[PDB]
Amino acid sequence: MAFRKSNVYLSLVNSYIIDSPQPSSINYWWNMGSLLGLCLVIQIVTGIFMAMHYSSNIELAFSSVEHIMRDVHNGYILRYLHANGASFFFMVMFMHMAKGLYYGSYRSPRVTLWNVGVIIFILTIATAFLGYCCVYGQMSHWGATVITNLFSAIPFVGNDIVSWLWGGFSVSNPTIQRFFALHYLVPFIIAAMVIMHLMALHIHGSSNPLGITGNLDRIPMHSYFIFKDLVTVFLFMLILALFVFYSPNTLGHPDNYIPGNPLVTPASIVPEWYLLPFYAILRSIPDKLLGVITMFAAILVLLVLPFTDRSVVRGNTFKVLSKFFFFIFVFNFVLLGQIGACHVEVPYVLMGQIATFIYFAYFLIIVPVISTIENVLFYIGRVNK
Amino acid sequence: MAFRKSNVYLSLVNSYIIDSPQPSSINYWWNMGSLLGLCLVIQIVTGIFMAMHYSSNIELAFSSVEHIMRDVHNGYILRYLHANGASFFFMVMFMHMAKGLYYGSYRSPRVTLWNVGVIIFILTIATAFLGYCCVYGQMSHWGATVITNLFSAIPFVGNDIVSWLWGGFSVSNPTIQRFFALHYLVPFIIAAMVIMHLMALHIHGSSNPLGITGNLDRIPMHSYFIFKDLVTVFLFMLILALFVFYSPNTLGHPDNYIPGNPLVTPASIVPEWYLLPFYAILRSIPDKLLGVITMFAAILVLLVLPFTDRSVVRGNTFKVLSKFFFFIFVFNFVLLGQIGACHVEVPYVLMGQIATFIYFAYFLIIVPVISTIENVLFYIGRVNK
Amino acid sequence: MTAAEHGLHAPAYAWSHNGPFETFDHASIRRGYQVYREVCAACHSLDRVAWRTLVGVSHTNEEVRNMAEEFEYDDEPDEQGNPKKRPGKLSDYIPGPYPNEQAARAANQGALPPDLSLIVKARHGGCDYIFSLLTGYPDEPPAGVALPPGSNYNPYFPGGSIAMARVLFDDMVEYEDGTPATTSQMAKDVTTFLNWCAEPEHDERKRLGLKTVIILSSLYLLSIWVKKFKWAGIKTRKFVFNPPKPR
Amino acid sequence: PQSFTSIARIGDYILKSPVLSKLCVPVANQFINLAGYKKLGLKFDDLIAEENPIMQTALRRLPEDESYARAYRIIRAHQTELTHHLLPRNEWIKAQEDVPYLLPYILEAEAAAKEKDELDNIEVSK
Amino acid sequence: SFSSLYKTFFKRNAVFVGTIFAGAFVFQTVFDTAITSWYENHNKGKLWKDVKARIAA
Amino acid sequence: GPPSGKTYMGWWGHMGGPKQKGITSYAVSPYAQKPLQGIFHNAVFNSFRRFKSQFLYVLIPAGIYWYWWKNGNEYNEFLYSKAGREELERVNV
Amino acid sequence: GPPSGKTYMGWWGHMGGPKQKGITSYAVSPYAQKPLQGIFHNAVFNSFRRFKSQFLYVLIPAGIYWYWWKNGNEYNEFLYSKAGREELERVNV
Ligand code: HEC
Ligand code: HEM
Ligand code: HEM
Ligand code: HEM
Ligand code: HEM
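Residues numbered from 1 in each chain as written, not as in the entry; some residues may be left out. Chains lettered and ligands numbered in written order. Part of a larger assembly, values for the part shown. Heavy atoms only, no water.

As recorded in the PDB, this entry has the title "The III2-IV(5B)1 respiratory supercomplex from S. cerevisiae". The annotation that UniProt attaches to chain E under Subcellular location is "Mitochondrion inner membrane". UniProt, in the comment section headed Sequence similarities, describes chain E in these words: "Belongs to the UQCR10/QCR9 family." (UniProt positions renumbered as here; feature names shortened; annotations may be inferred.)

The UniProt entry for chain A carries the following text under Subcellular location: "Mitochondrion inner membrane". Looking at chain A in UniProt, the text filed under Sequence similarities is "Belongs to the cytochrome b family."

Following this line, the structure appears as structure tokens:
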């Protein structure tokens, strides 16, 4: 047999990226995983070549970031690639998850793939927050102390946990050194979790945008889907090069370039935009312990989604009502992210409460009802008794 | 079938550490690999819990290290576990390599395993060097500048690559930040190389201390060899706890506790003790271009050992002259490590040159001649014609 | 090199903290701080040792709070902007006698007096070397050696000629409790204090070491037993080969 | 790593010339009984590495009785090396029954593979 | 009467790991207090509490 | 190696699908074909077909949520003017 | 999955070894045996047998290299002494 199938490392690389049989009818939404792998490698590479110059004290964090921005050769490129590739990483990840919960790939043969993906989502939210609190600006320090003061709402244990997590009594030098060590460390756990994602996928094969069996006529990975991935990689690189070179600061807040002063509060303590829907879910209900546990339930309520879907057809491709309600849910998520950026004000508190109720009711209430209705409608429209 | 053979990750941990068919005859020298895995994850854990407190400037490196030694709760335990588990990692690694080139595990079906092990050895020497040069004592800074100053011996590009590696004009703040970033980064390449080591082992099985085949009588890993490994793990933890708690600084040099001043040379710039045979090989011959490539060839002359040994019997268990010359080579390696610690003096230069000639002639001249002699000796003693 | 440029090897003295179970003599730490304050504080810095480590070891909390008031430290400036000075509290470090390195070199004929916070840990020999270097000044250099002017002879110093004159004389200090102050008593007390400054984790480290080696030795013996138990089904299996009947 | 035809050629030339024989075979006998593979109950042709194609075909061409006796000797050597003992004095392989049994199959298998290797690198006269 | 000890301690795994954890609790607190009392009785005349009582008296 | 649990996808040759007979599949090498065959016809007509079939499911929820957000935002901008301060106190408590 | 190349070790059931027949293997459960059976006899007799069989190969090269190192170290300590300065400059230049 061939050397790419005989040698042990090359047999793995062959069976994963060369002749892995992919289904014949997958469209451009299935390239988001290759895009996420490329952008993860981009984040890791630019992070290493920035951490060769970043010093993680409390007197040198923001000064070292603006030393990277001004004096090291092509350092503006590295910092804007990191700070914009994180946003593009989370947007392609949101597209990956929305494709996964639209086309019904949480269903019966890949629930462990869906659970490992949810673990990856938690870990990358965590390391993205730690990286945003490495830079030590005005959004950075106060966002850190806001959500750790949130984390201190545990009744018996909370102050002890939060003064173990801070390394002191407020967000200071031990917290920033701790957050730099953890922001380095967690993406090398995400690399192992992505290897686990690929294994849990590869044991069953990818789904198709129809629900029906891909096992009839499949297509090898090498000469076709590598070039589809090449098309979407060059498009993603073009949009990323635009957002890095022509408007770098149009995504981040224009207050993180004020050095972190723990006396003044900037009157708007919103985090970076990918944490804005979960921040709105947090600020929805007025109590604090219930707020953090409903934020954690908003994160890991994607795990009830395999067990709550009662549709006998895989995916929302040949459904109508669930298409409509899925796009209701997506634009509700976008509205929730919009509400998380405004102050707690006059229609915004009620809009946040109603939006988080629609978010929590799409998974628990709306989808088994409309899936049961669609199953019964398909049966009574098909048979004539 | 069982859930440990059906589920994906349980299938991998089953096939690697539960019912891996190990040969039945292996002694306590086969436990050094399990010991190396435990000591690698020990180094990684204590390194992360030290990098939460270590600040990587040049006027804060040594003072932050001796702030770990004095101010953080139970941090002397952490620094002594790191600085002595590195030495124990290298000694257990030397026992692993000595077993692998004594019992003939460089032979024909696992040259992939031997080459990947040599790659891990190179990466481990590299990261131990970077970790010794990020603490920034007097031996640290001067050892770093001596190693890179002999790395500037390449004729056309030497000063270019050495001022690219320094990040400046001598060992300073960018070199120390660079070395801390690389001292994180290289162990997480070593972990993936250890995964490749385990794959290349598992596709052919371990050897046994006889050379004869092991496919007849084998034993699963779980209820027997886990407990063998547990015996030697508790023995290694006993010796490591002794060397950490009762005499920590008996392994390191008593000049790394002087803060790094690039105006005083400490009159002998001995490195840490496990880089001493390669330091003696490096200082054997007078010019430094041939010296640095002779050190590089002394490291990658373990690769010539599969293509060189001509004996039909695997391993030196049933031979005489090969045992004798192997222990000659091992005590020559110990003598080379002894010569690496003494000054450039009157018997020492000649003894270093003769010792590295014997070290280089064991792999190229001594072993094929005595293996050929033992082959024909076996044949003429057995056959009566 | 030669033995004069090597330095004479310091002998193996019988300290009160050489052992797997013995601790520091804390009365010697108290007397050694008095010797450091009255003798070595004119040249030598000690700036990695805070005042808060000194309580519960050699002095009490009130005594260290009364000793910290005698030094002035930089406080952050007041309403006008001009800088102020403050008496020291327990969190600040022990101050050095010289404001920078250049005054330290100018007041000692060029030789920088090294920081004493890690000086028995950064020398070959340790406390034996420090004690024998302090007590090892002869009244005359040996016949034949020539020194630069201002440089004194000490054989245990590597090189032969140290730039620190002999300072430990008899009855230089008088102790607070009534022990006689010789040169050897003062030298032993000040190097026990320097060993406390270089390793403050000594007592806690040796106690946790006693715990860990007892636990790990008993665990090693029990795991040896359970390995022999789990392998007794393999160490005593027997193979019997009758030759098979041919086809 | 070394072909058995070369070992057999050098050994035959050492053996059948009477000056080198009486000087080389006594130190060979002393090297063999100092090696100690007979105290574990093994002939020599069990010790050879079985992971070449030549040795694999030379084992699959072995007769059915010597294969079973070979497997028993290998398993018994494994067990008495496991218990860190030796076989007793009755169960030591004596020097007269250390007969080369695998060596004709090894020689003819390497001769066949060698002849294939130089038949497919042949050139007609041009 | 070893069937008594086997049935009430080693039969099911829950009571086994329960008494292992309870023994870990009891053994560890009494072991650390015993070893620190021995370590502070081996050095009498040298510890800080003794020299503080000495300079008080 | 260890033969693990069976899944719903094998490899090439035994893919676990149903047995098929009589399905002939004709193809032509791309060197014999013209790429970009009908990109303007399928850029004007087929793209309009796909947009015509799948735009109500996207634009009706986007229209609902955008009208809700615009009405809420202009109500807030009304309330924090001067012509809504009595309404500001009434909505507060 | 993809069936990769042939190896010299299978799994449980087909190990790739030669076929064996007539090798009966008896064993007793350790709960019926005694652990620490004869550990003093095998501690002072079998360990002495293994040490006697394997000490010349270890203690001849260690003796050679230690005598070489001691001779070199004492020659260096003689040459940097008082009675060896003319031999020092003679062996240098
Ligand atoms: C000046 C008025 C001094 C007094 C009083 C003491 N020391 Fe000193 N010391 C001084 C100088 C200028 C130097 C530098 C000499 C040199 O060549 O380095 C020193 C040196 C030391 C050393 C270092 C020796 C070494 O090998 O590195 C030590 C350990 C030292 N000094 C300790 C010491 C102690 C314990 C004293 C009093 C109890 C003491 N010194 C007094 C200047 C002066
Ligand atoms: C999971 C992938 C990663 C994500 C999503 C991520 C995200 C971020 C973000 C959003 C920031 C803040 C940028 C800003 O100030 O606006 C940041 C900062 C930083 N990240 Fe990461 N990061 C990732 C991986 C890494 C890794 C692996 C490293 C280390 C090698 C790293 C090094 C840094 C450094 C040094 C900063 C400091 C501030 C700066 O210079 O940008 N990142 N990260
Ligand atoms: C670091 C981020 C991630 C990477 C690199 C990654 C990688 C991949 C890749 C390469 C694929 C195969 C290509 C494809 O089918 O689209 C895939 C599939 C999948 N991923 Fe991810 N993924 C990531 C995050 C997630 C997240 C957050 C989820 C959801 C919780 C998820 C769920 C899935 C699902 C369900 C599939 C199967 C899609 C299908 O076959 O229909 N992944 N992933
Ligand atoms: C491959 C395994 C590793 C080895 C062999 C190793 C070895 C060393 C050595 C020898 C030192 C110098 C200790 C001394 O001053 O005497 C050192 C320092 C250090 N290592 Fe590592 N190291 C390893 C992994 C790591 C990792 C993965 C990290 C980071 C998470 C780390 C963090 C450090 C830090 C912070 C120091 C600074 C000096 C100190 O506080 O001890 N080490 N390393
Ligand atoms: C990070 C360091 C390393 C780890 C964790 C590691 C791990 C392992 C493990 C677990 C085994 C199986 C146990 C055994 O067979 O002894 C093994 C086998 C082996 N390793 Fe390593 N290893 C390391 C470094 C090396 C090095 C430096 C070499 C030499 C170049 C090497 C060569 C081998 C060989 C030849 C074997 C096979 C031994 C045999 O089966 O006879 N390894 N390794």
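(A) Expanded view of the coordination of the iron atom of ligand 1. Residues and elements named next belong to chain C. Coordination sphere of the iron atom of ligand 1, protein contribution only: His 44 (NE2) and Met 164 (SD), at 2.0 Å. Bound by six donor atoms, the iron atom of ligand 1 shows angles of 85 to 178° at the metal and therefore octahedral coordination geometry. Note that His 44 is positioned in the loop between α2 (26–38) and α3 (61–67) and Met 164 in the loop between β4 (161–162) and α6 (183–198), a separation of 120 residues in sequence. Overall, the relative accessible area of 11% leaves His 44 in the buried class. Residue classification places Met 164 among the partly exposed positions, given a relative accessible area of 27%. (Donors = N, O, S within 2.8 Å, 3.2 Å for Na, K, Ca; no water. Tetrahedral: all angles 85-135°; square planar, octahedral: opposite > 155°, others 65-115°. Helix = DSSP H or I, 4+ residues; strand = E, 2+ residues; numbered from the N terminus. Buried < 20%, exposed > 50% of the residue type's maximum accessible area, 1.4 Å probe, protein only.)

(B) The nonpolar core, seen in detail. In this structure, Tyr 54 of chain A together with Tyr 54, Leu 101, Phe 121, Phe 278, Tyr 359 and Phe 363 of chain B are the most contacted members of the largest nonpolar core, which totals 146 residues. Each residue touching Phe 121 of chain B, except ones within four places of it in the same chain, is listed here: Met 93, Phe 94, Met 97, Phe 278, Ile 299 and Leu 302 of chain B. (Core = buried A, V, L, I, M, F, W, Y, C linked by side-chain atoms within 4.5 Å. Contact = heavy atoms within 4.5 Å.)

(C) Layout of the UniProt feature "binding site: a ubiquinone" in chain A. Per the UniProt record, "binding site: a ubiquinone" is found at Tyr 16 and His 202 of chain A. Their sequence span is 187 residues, while the largest C-alpha to C-alpha distance among them is just 7.4 Å; these annotated residues converge on one region. Its location among the elements puts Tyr 16 of chain A in helix α2 (residues 8–17). Residue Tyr 16 of chain A is classed as partly exposed on the basis of its relative accessible area, which comes to 27%. Ignoring sequence-local partners within four residues, the contact set of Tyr 16 of chain A consists of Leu 198, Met 199 and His 202 of chain A. Mapping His 202 of chain A onto the fold places it in helix α10 (residues 187–202). Overall, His 202 of chain A belongs to the buried group, its relative accessible area being 17%. Here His 202 of chain A is in contact with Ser 15, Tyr 16 and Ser 20 of chain A together with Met 9 and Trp 11 of chain F, once residues within four sequence places are set aside.

(D) Seen up close, the UniProt feature "transmembrane region" in chain A. All names here are of chain A. The sites that carry the UniProt feature "transmembrane region" are, in the present numbering, residues 28–51, 75–102, 111–135, 173–204, 224–246, 288–308, 320–340 and 348–364. Taken as a whole, residues 28–51 contains 83% helix and 0% strand, while its terminal C-alpha atoms sit 35 Å from one another. Annotated as 71% helix and 0% strand, the span residues 288–308 places its first and last C-alpha atoms 28 Å apart.

(E) Region of interest: the relation of the copies chain A and chain B. Least-squares fitting of chain A to chain B yields an RMSD of 0.2 Å, with the superposition described by an axial translation of 0.0 Å and a rotation of 180°. In symmetry terms, the pair is related by a two-fold rotation axis. Mapped onto chain B, 92% of the interface residues of chain A again fall at the interface, so both copies present the same surface. (Least-squares fit on C-alpha atoms.)

(F) Examining the site of ligand 5 more closely. All names here are of chain B. Lining the immediate environment of ligand 5, one finds 23 residues, of which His 96, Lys 99, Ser 105, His 197 and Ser 207 sit closest. Note that a nitrogen atom of ligand 5 is positioned 2.5 Å from one of the side-chain N or O atoms of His 96. One of the backbone nitrogen or oxygen atoms of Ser 207 is found 3.0 Å away from an oxygen atom of ligand 5. Mapped onto the shell around ligand 5, the elements with two or more residues apiece are α3 (32–51), α5 (75–100), α6 (111–134) and α10 (187–202). Residues that form the shell around ligand 5 fall into these classes: 13 nonpolar, nine polar and one charged. (Near = heavy atom within 4 Å. Polar contact = N/O pair within 3.5 Å; in protein donor to acceptor, adjacent residues only side chain to side chain. Nonpolar A, V, L, I, M, F, W, Y, C, P; charged D, E, K, R; others polar.)

(G) Region of interest: the interface of chain B and chain D. With 36 residues of chain B at the interface, the matching set in chain D holds 43 residues. Summed over both partners, the interface of chain B with chain D buries about 3700 Å², with 71% contributed by carbon and sulfur atoms. When the shortest N-O distance is used, the salt bridge between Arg 382 of chain B and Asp 45 of chain D registers 3.4 Å. Where chain B packs against chain D, one counts eleven residue pairs in polar contact. Split by residue class, the side of chain B that touches chain D holds 15 nonpolar, twelve polar and nine charged. (Buried area = accessible area lost by both parts, 1.4 Å probe. Salt bridge = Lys/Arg side-chain N within 4 Å of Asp/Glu carboxyl O.)

(H) Highlighting the environment of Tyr 153 of chain C. All names here are of chain C. As for its placement among the helices and strands, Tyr 153 is situated in strand β3 (residues 152–153). Taking C-alpha positions, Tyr 153 is 39 Å from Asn 66, a pair spaced 87 residues apart along the chain. Residues in contact with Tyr 153, not counting those within four places in the same chain, are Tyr 137, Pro 138, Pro 141, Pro 142, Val 145, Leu 147 and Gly 160.

(I) Summary view of the pattern of salt bridges. Taken as a whole and assessed by the stated rule, the structure comprises 24 salt bridges over all chains. One salt bridge connects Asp 32 of chain E with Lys 211 of chain C, and the closest N-O pair in it is separated by 3.1 Å. On the criterion of chain membership, the pair formed by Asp 32 of chain E in helix α2 (residues 13–42) and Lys 211 of chain C in helix α7 (residues 202–235) is interchain, its members lying in two chains. A relative accessible area of 26% means that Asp 32 of chain E is categorised as partly exposed. Across the pair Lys 21 of chain G and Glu 64 of chain D runs a salt bridge whose closest N-O atoms are separated by 4.0 Å. One end of the pair, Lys 21 of chain G, is in the segment before β1 (23–26); the other, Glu 64 of chain D, is in helix α4 (residues 64–82), on a second chain. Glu 64 of chain D gets classed as partly exposed once you look at its relative accessible area, which sits at 41%. Connected through salt bridges with shared partners, the residues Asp 46, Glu 50, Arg 70 and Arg 73 of chain D form a single ionic network.

(J) Just the side chain of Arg 79 of chain A, in detail. Residue and element names in this part refer to chain A. Counting through the fold element by element, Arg 79 comes out in helix α5 (residues 75–102). There is no salt bridge for the buried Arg 79, and the closest opposite charge comes from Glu 66, which lies 5.2 Å off by N-O distance. For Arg 79, the side chain forms a polar contact with the side chain of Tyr 257, separated by 3.1 Å. What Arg 79 contacts, discounting residues up to four positions off in sequence, is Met 50, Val 65, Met 69, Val 135 and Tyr 257. (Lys, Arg positive; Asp, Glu negative; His and termini not counted.)

(K) Local environment of the site of ligand 4. All names here are of chain B. Lining the immediate environment of ligand 4, one finds 22 residues, of which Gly 47, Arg 79, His 82, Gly 131 and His 183 sit closest. Here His 82 contributes a side-chain N or O atom positioned 2.6 Å from a nitrogen atom of ligand 4. Here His 183 contributes a side-chain N or O atom positioned 2.5 Å from a nitrogen atom of ligand 4. The set of elements that each furnish at least two residues to the shell around ligand 4 consists of α3, α5, α6 and α9 (173–185). A breakdown of the residues in the shell around ligand 4 according to their chemical character gives 13 nonpolar, seven polar and two charged.

(L) View of the packing of α3 of chain B against helix α11 (residues 225–245) of chain B. All names here are of chain B. At their nearest, the axes of α3 and α11 sit 10 Å apart, and the two run at 50° to each other. In this view, α3 runs oblique relative to α11, as classed from their interaxial angle. Our pair here, α3 against α11, has a crossing hand that is right-handed. Counted together, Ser 34, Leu 35, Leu 38, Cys 39 and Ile 42 of α3 and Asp 229, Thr 232, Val 233, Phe 236 and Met 237 of α11 form the full contact between these two elements. The residue makeup of the contact of α3 with α11, split by class, is seven nonpolar, two polar and one charged. (Axes fitted to C-alpha atoms, helices over the stretch in contact; angles between N-to-C directions. Parallel < 35°, antiparallel > 145°, perpendicular 65-115°, else oblique. Left-handed = near helix turned anticlockwise from the far one by under 90°.)

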